[PDB]
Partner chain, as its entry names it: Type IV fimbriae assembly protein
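Shown below, as structure tokens, is a lone chain in the form solved without the partner chain; questions about how it binds or moves come after it.
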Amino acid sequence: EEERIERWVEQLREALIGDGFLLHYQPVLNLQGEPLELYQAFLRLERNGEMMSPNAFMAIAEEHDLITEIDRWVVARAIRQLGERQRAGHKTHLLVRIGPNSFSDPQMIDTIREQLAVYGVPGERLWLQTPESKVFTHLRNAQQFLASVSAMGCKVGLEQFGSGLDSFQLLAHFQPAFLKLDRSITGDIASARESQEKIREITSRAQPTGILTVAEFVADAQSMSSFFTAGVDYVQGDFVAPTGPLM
């Protein structure tokens, strides 16, 4: 045990150089969103001859404090693809994950600003999501971070929102551009009752501030209609379109 990790933590620190990392994307179709090109970005690793999923190493990168490094790698990689798909005339928008330790990371704030500029990519195309739980904690930083990146026109949103009470509490203290609905509420509206009304106490509340909304993980047409009645701007999940490397 003392060993396997040592091989992982090394190979990772390599993909952080001349990499081995790569990104798969997932279509984010919109109903109320009417209608832009958007994909959530997902990190893949080229260990040996096959492709690794963050379920194979994110744990490691955690204890060794390499997430900041990686997630800066992810964002910079997204901003590149944005330059590429834009120099090609596509105005593709990318949803990218940012951990909590990045709210204070300047190299992040600097890697966003510089790249975003060097590719002629207007920040508006870069959407950054992160759990509300991680925000309810690393707040102060996640506070100024918002401002830092938001100034460049980027969009900062919450992932897994609506779970616990304080969910609506953070709103009056934070201020996201988009809300990725928490699965504990999403996956069940076809039957679930309180949830039916739930994504309304949320939807109808976003419309005012203009806070977009994304119900992800959708896995059936039945619930697909449900979110339209709700007024959920965007939908994501294997049922709409799985994740893939292609664009």
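Residues that one form lacks are left out of the comparison. In this text, the rigid core denotes the largest set of C-alpha atoms whose superposition between the two forms falls within 1.5 Å. Positions refer to the first chain, counted from 1.
Enquirer: Return whichever of 109 to 117 and 139 to 147 has the greater mean Cα B factor according to the PDB record.
Expert: Taking the mean C-alpha B-factor of 109 to 117 and of 139 to 147, the larger value falls to 139 to 147.
Enquirer: Averaging C-alpha B-factors over each stretch, which comes out higher, 75 to 83 or 165 to 173?
Expert: So the stretch with the higher mean C-alpha B-factor is 165 to 173.
Enquirer: Taking the values straight from the PDB record, which of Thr203, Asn55, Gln26, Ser184 has the highest C-alpha temperature factor?
Expert: Of the options given, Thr203 has the highest CA B-factor in the PDB entry.
Enquirer: Can you tell me which of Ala219, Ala192, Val214, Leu38 has the maximum CA B-factor listed in the PDB entry?
Expert: Max CA B-factor in the entry, restricted to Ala219, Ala192, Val214, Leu38: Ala192.
Enquirer: By the recorded C-alpha temperature factor, relative to the other modelled residues in its chain, which third is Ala61 in?
Expert: Answer is highest: the recorded C-alpha B-factor places it there.
Enquirer: Could you tell me which third, lowest, middle or highest, the C-alpha B-factor of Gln236 occupies within its chain?
Expert: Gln236: CA B-factor falls in the lowest third of its chain.
Enquirer: Tell me, lowest, middle or highest third: where does the Cα B factor of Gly89 rank within its chain?
Expert: Highest third of the chain for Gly89's C-alpha B-factor.
Enquirer: Splitting the chain's C-alpha B-factors into thirds, which one does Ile199 fall into?
Expert: According to the entry, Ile199 has a C-alpha B-factor in the chain's highest third.
From this point on, the text means the form solved in complex with the partner chain, which you will not see here.
Enquirer: Only one of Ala192, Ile67, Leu31, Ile60 gets a heavy atom within 4.5 Å of the partner chain in the deposited complex. Which one?
Expert: Contact with the partner chain in the deposited complex is made by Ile60 alone.
Enquirer: Just to confirm, with a 4.5 Å cut-off on non-hydrogen atoms, which of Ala206, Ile185, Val218, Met52 contacts the partner chain in the deposited complex?
Expert: Looking at the other structure, the residue within range turns out to be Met52.
Enquirer: Please name which of the stretches 174 to 182, 208 to 216, 43 to 51, 192 to 200 has residues with heavy atoms lying within 4.5 Å of the partner chain in the deposited complex.
Expert: The contacting stretch is 43 to 51.
Enquirer: Within 4.5 Å, heavy atoms only: does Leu36 come near the partner chain in the deposited complex?
Expert: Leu36: no contact with the partner chain in the deposited complex.
Enquirer: Note yes or no: does the Cα of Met224 move by 2 Å or more between the shown form and the other one after the core is superposed?
Expert: The answer is no; the displacement is under 2 Å.
Enquirer: With a threshold of 2 Å on the C-alpha, tell me if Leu16 counts as moved between the shown form and the other one once the core is superposed.
Expert: The answer is yes, as the C-alpha of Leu16 shifts between the shown form and the other one by 2 Å or more after core alignment.
Enquirer: With both forms fit on the core, is the shift of the CA atom of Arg47 between the shown form and the other one 2 Å or larger?
Expert: Yes, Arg47 moves 2 Å or more.
Enquirer: Compare the CA separation of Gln160 and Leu16 in the deposited complex with the one in the displayed structure, and answer closer or farther (the difference is at least 3 Å).
Expert: Compared with the shown chain, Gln160-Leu16 is farther in the deposited complex.
Enquirer: Please list, in sequence order, every run of 3 or more consecutive shared residues whose CA atoms are displaced by 2 Å or more between the shown form and the other one on a core superposition.
Expert: Residues 7 to 19, 47 to 49 form the shifted runs.
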